[PDB]
Every structure is written in C-alpha cells, then in structure tokens.
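Q: experimental structure and sequence below, a few questions after.
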2 protein chains.
Amino acid sequence: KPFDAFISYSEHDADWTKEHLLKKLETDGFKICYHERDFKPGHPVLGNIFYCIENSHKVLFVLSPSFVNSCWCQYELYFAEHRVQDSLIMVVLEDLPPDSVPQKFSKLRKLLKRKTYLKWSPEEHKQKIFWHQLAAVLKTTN
Amino acid sequence: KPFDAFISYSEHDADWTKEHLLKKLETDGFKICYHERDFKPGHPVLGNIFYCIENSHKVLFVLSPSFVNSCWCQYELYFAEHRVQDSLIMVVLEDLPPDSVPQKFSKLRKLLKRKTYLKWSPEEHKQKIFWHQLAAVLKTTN
Ligand SMILES: *SC[C@H](NC(=O)CC[C@H](N)C(=O)O)C(=O)NCC(=O)O
Ligand SMILES: *SC[C@H](NC(=O)CC[C@H](N)C(=O)O)C(=O)NCC(=O)O
C-alpha cells in the first residue's frame, strides 16, 4: 500500500491531531492519508471515500467524546467497521464515558472492551512510550 | 414506523431542501426525520445515526453534484446502501454527470441507470406532478 495509515479525527480534535499526531508521524517517515488534505471534490480517483482506505495499510481513529458524539464521525466509523481485522488502530485522546459508543458499533465496542487501543497521556514519560508503541502498531501485519 | 421518511441532503442544497421539500412534506402531513434538527449529540437514543433510519418508512436522498462530490454525503450514501430495497427514494435536484457517482456505490448506480428516481423541474406543471408522485412513492410498501 502507498500509505501507512488513513487517519480519521473530529473537527474538535483537529488542532491536536495536526500539530502532534500528523506532524510526528510524517516527520518520522510514515506516509499518511487524510480527507482534509487528500480528498479532492470531483476528482474521479481522489474524490471518493474509498481511495484512502483502499490504499492505506492501517486505518487510525482519534477517539474522544467529540468524535463518538458526531453524526459525521459515526458515519465514518460505520464505514471503516464495515469495509475494514488487524488494520484498525484506535487512539484514545480523551476517555469515552462507558456505553457512550452506540450499541450497533459492535466491533468498535468489542475493541474498546478488550483494551486494544493506545491511550494518550499528558505526561512526557507516557507520551514517549505512546509514540514508540504507535510506530510499532503501524508496522504490524494485517 | 413513527416517521414516513428520513431525509438526507447536502449543505449546498439545504436552503432548497428546507424551503421546498421539507416545508411541503410537513405541511402535507408527512412526518420527517433529519439530522440537522433531530440528531442530538450525546443523547443515547437521538444521538446516533441508526435512530432516524431505523424509525422511518423511507430514506430519501436529495441528489446533486454537491451531494455526490461531498465526503460526508458519500459516507451517508454508503450507510444507507449497506443498511437499507424499496425503502430508498432518490430525488434528483440537479443532473449528475455520467459516471460521477463512485463505482463502488453499485446499488445507487443501478438505481440511477434504471431511471428509478424523481427529477426536479423548474416548470410549475412538472413540479405539480413531481409533488404528487413524491407523495405516491412515500406511501408505497417496502
Ligand atoms: S469525524 C468527522 C468530522 N471530522 C472533521 O471534520 C475533520 C476534518 C474532515 N476529515 C475533513 O474536513 O475532511 C467531524 O468532526 N464532524 C463534524 C461535526 O462536528 O459533526
Ligand atoms: S450530505 C452530508 C452533508 N450535509 C449537510 O451538512 C446537511 C446538514 C446535515 N445533515 C447536518 O448538519 O446534520 C454535507 O453536505 N457535507 C458537508 C460537506 O460539504 O462536505
């Protein structure tokens, strides 16, 4: 695949995602797809939602209440769930209240219940581990 | 079902949809679901994308290039395609260039190729027929 990851995130989380997650990954040599930059309306290749996920090794979701509660983010979750499995990566930027994910997102719900995510932390020491573990998970097979 | 239709439309088409389609249908006694009014972030029942479609007899899409070319609208199309069949209703507000719908929306593509939509017209006479035919299709069985 030409991209290591397609990244999805809420508008609320855009500043953090662009300044920390995307900056770090791209500075570290990963090739990233994301719609805000790479979706081109009307373009026959780049102007549809299948392009990024079909051409990325992993799909990474930045999760927070703002993401889970958004109509548009829920549609994006639905799409990844139903299209995409080892290729899914969940980053918990802010804790999700219990049972706040709609019950019909049963795959995402099982992943969270099974503690298969990486959790952001404000502490330098934990953030250092976070970035190493995020690089590791991006390089796993599918 | 408590609602006759869940309605999806692009931001570009919002003014026309609210002032003509929604006004007419609601004045004419139809009960309509749509996220701009009826999606309530954080609400355990009303704050997820399954609520409207699970509780509406029909799903109606207002189609135009602005709809087909939008990332968010494509996600909404994907969801209806994969969740929802006789329950789907397509209203063509503005002509779609040939092959502009992404190829993986194969159900929507077959519906358009098979001429199963209602087309808006600026002419009073054709609009009169349009509204009668739209009421008729909303009342068909699934
Ligand atoms: S998770 C879906 C939305 N995210 C974004 O808007 C981030 C940028 C987009 N990916 C883009 O512009 O391409 C989101 O937060 N939903 C909007 C809302 O508040 O409902
Ligand atoms: S078709 C998806 C978007 N439609 C709307 O924004 C209409 C109102 C929403 N249903 C709502 O606020 O709940 C759309 O046009 N996408 C935004 C874009 O330009 O990409």
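A: Noted; the coordinates are in hand. Numbers count the residues shown, from 1 in each chain, chains lettered A, B, ... in the order given. Ligands and ions are numbered 1, 2, ... in the order given.

Q: following element in sequence after the lengthiest strand in chain A, please.
A: Across chain A, the longest stretch assigned as strand under DSSP state E is strand A:56-63. Counting by DSSP states H and E, the next helix or strand C-terminal to strand A:56-63 is helix A:65-68.

Q: pull the CA atoms of that following helix into CSV?
A: Extracted C-alpha coordinates of helix A:65-68, given in CSV (Å, rounded to 0.1, in the frame of the first residue of the first chain):
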residue,chain,number,x,y,z
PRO,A,65,-16.4,12.2,23.1
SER,A,66,-16.4,14.8,20.3
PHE,A,67,-15.7,12.1,17.8
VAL,A,68,-18.2,9.5,19.2
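
Q: after it, which helix or strand is next?
A: Past helix A:65-68, the next helix or strand by DSSP H and E is helix A:71-83.

Q: does any bit of the helix or strand that that following helix is followed by sit next to ligand 1?
A: Later in the chain than helix A:71-83, the nearest helix or strand by DSSP H and E is strand A:88-92. No: on the criterion C-beta under 6 Å from any ligand atom, strand A:88-92 is out of touch with ligand 1, staying 13.1 Å away. Every residue, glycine included, has its C-beta placed from N, CA and C.

Q: strand A:88-92 vs strand A:56-63, what angle?
A: 30 degrees (axes from the mean of the first three to the mean of the last three C-alpha atoms, to 10 degrees).

Q: next, the contact list for residue A:134, please.
A: A:25, A:89, A:91, A:118 (C-beta atoms under 8 Å, 6 or more residues apart in numbering or on different chains).

Q: might one say that residue A:72 is in contact with residue B:79?
A: No: using C-beta atoms under 8 Å, residue A:72 makes no contact with residue B:79, being 11.0 Å away.

Q: out of these two, which sits in the busier spot?
A: residue B:79 (21 against 17; other C-beta atoms under 10 Å in any protein chain shown).

Q: dump the residue contacts of the more buried one.
A: Contacts of residue B:79 by C-beta under 8 Å, 6+ apart are A:75, A:78-79, B:49, B:53.

Q: how does it look with 10 Å?
A: A:74-76, A:78-79, A:82, B:8, B:49-50, B:53, B:59 (C-beta atoms under 10 Å, 6 or more residues apart in numbering or on different chains).
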